[PDB]
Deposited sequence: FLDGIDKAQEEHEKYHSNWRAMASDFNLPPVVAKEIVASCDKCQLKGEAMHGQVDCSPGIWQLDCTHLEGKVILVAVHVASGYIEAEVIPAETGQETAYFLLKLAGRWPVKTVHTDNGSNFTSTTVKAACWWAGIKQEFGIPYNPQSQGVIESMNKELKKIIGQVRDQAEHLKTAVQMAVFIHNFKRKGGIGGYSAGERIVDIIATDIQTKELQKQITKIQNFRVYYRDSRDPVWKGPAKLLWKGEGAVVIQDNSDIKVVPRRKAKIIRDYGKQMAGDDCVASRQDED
């Protein structure tokens, strides 16, 4: 089929046929047809069919600016719990966002904020506010809203709730606060059948308690485990398995072929 390769190359240069067509009409093996297609710069027009996963650490907040009735609503969400805070701000400015961020950092332990590349989030004012409060700034890939999916989703949810309570307030700020209240303490579901406020309290309390307990355990329990290497610190044992860390590489080994001193 070697002459078929040249025939198919000309056919593709003309028509840009996919590998199935070339294989069928020139008796090419699928590998050769796929190679012919993959050598054409004009036929590389589709990306991987997958989705990434955003960070869900206890200390990461996702912020965004949504618009409603000509007003600007700045919305922050705790990624690990779904807990939201929203404020109607007079304009999409760096000063307003820095004030919102300082308020947020004064109430909850904000360690990193993830945001789009909007001008307010990229301003030196927000940079100074984050530096003072010790917050790490993450920016998503430009024009990739999926990177902020969580907060984006919440926008939807927030607006929905406003649509249900807008008739109970004279102004949009009051309706926004009502929606925040309803989302945080009147909508139950998720990982633990929790509300958002209950879930965030559980997340933070669990972080503190686990840190404290693990600190005490590591203070008390001291062993070195060899397996198969170097002085690999013991981490956990039981159920016929030993989890250890070596050169800061956590691994799990069977209880056998493992000795603990």
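S.K.: Tell me which segments of the deposited chain sequence are not represented by C-alpha atoms in this structure.
M.R.: Missing CA coords at 229-235, 269-288.
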